[PDB]
Amino acid sequence: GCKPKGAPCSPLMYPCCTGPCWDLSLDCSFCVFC
């Protein structure tokens with residue numbers, strides 16, 4: 001997840017957003033259950 005794809009990526013828990021990730025909470029700024 002957090003890396004670009006365009007097409008639907010792994011929707012399990014850590015999905016692949018096509019923008020900037022951070023690991024904070026948001027679905028693109030994504031932190032797995034922390």
# chains A, B, ... in the order shown; residues from 1 in each chain; ligands from 1
call {"tool": "residues_around", "arguments": {"residues": "residue 17 of chain A", "least_positions_apart": "2", "cutoff": "7 Å", "atoms": "only C-alpha atoms", "output": "tab-separated table (two decimals) with N, CA and C atoms, in the first residue's frame"}}
result
chain	number	residue	atom	x	y	z
A	1	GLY	N	0.83	-1.23	0.00
A	1	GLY	CA	0.00	0.00	0.00
A	1	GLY	C	0.84	1.26	0.00
A	2	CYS	N	0.17	2.41	-0.06
A	2	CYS	CA	0.84	3.72	-0.03
A	2	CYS	C	1.70	3.99	-1.27
A	3	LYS	N	1.74	3.06	-2.20
A	3	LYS	CA	2.43	3.28	-3.46
A	3	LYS	C	1.40	3.35	-4.58
A	4	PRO	N	1.70	4.05	-5.68
A	4	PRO	CA	0.73	4.27	-6.74
A	4	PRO	C	0.47	3.02	-7.59
A	15	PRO	N	-3.97	-0.42	1.66
A	15	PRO	CA	-4.28	-0.20	0.25
A	15	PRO	C	-3.30	0.75	-0.42
A	19	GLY	N	-0.79	8.62	-4.19
A	19	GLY	CA	-0.30	9.92	-3.77
A	19	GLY	C	0.76	9.82	-2.70
A	28	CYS	N	-4.35	7.15	2.67
A	28	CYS	CA	-3.16	7.35	1.85
A	28	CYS	C	-1.97	7.66	2.74
call {"tool": "residues_around", "arguments": {"residues": "residue 32 of chain A", "least_positions_apart": "5", "cutoff": "10 Å", "atoms": "only C-alpha atoms", "output": "list in words"}}
result
residues 1, 13, 14, 15, 23, 24, 25 and 27 of chain A
call {"tool": "write_last_selection", "arguments": {"atoms": "C-alpha atoms", "output": "PDB file, in the first residue's frame"}}
result
ATOM      1  CA  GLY A   1       0.000   0.000   0.000  1.00  0.00           C
ATOM      2  CA  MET A  13      -5.789  -3.451   5.144  1.00  0.00           C
ATOM      3  CA  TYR A  14      -2.905  -1.529   3.589  1.00  0.00           C
ATOM      4  CA  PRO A  15      -4.276  -0.201   0.250  1.00  0.00           C
ATOM      5  CA  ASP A  23       1.959   6.364   8.039  1.00  0.00           C
ATOM      6  CA  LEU A  24      -0.195   8.501  10.330  1.00  0.00           C
ATOM      7  CA  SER A  25      -3.796   7.144   9.987  1.00  0.00           C
ATOM      8  CA  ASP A  27      -5.944   5.791   3.918  1.00  0.00           C
TER       9      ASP A  27
END
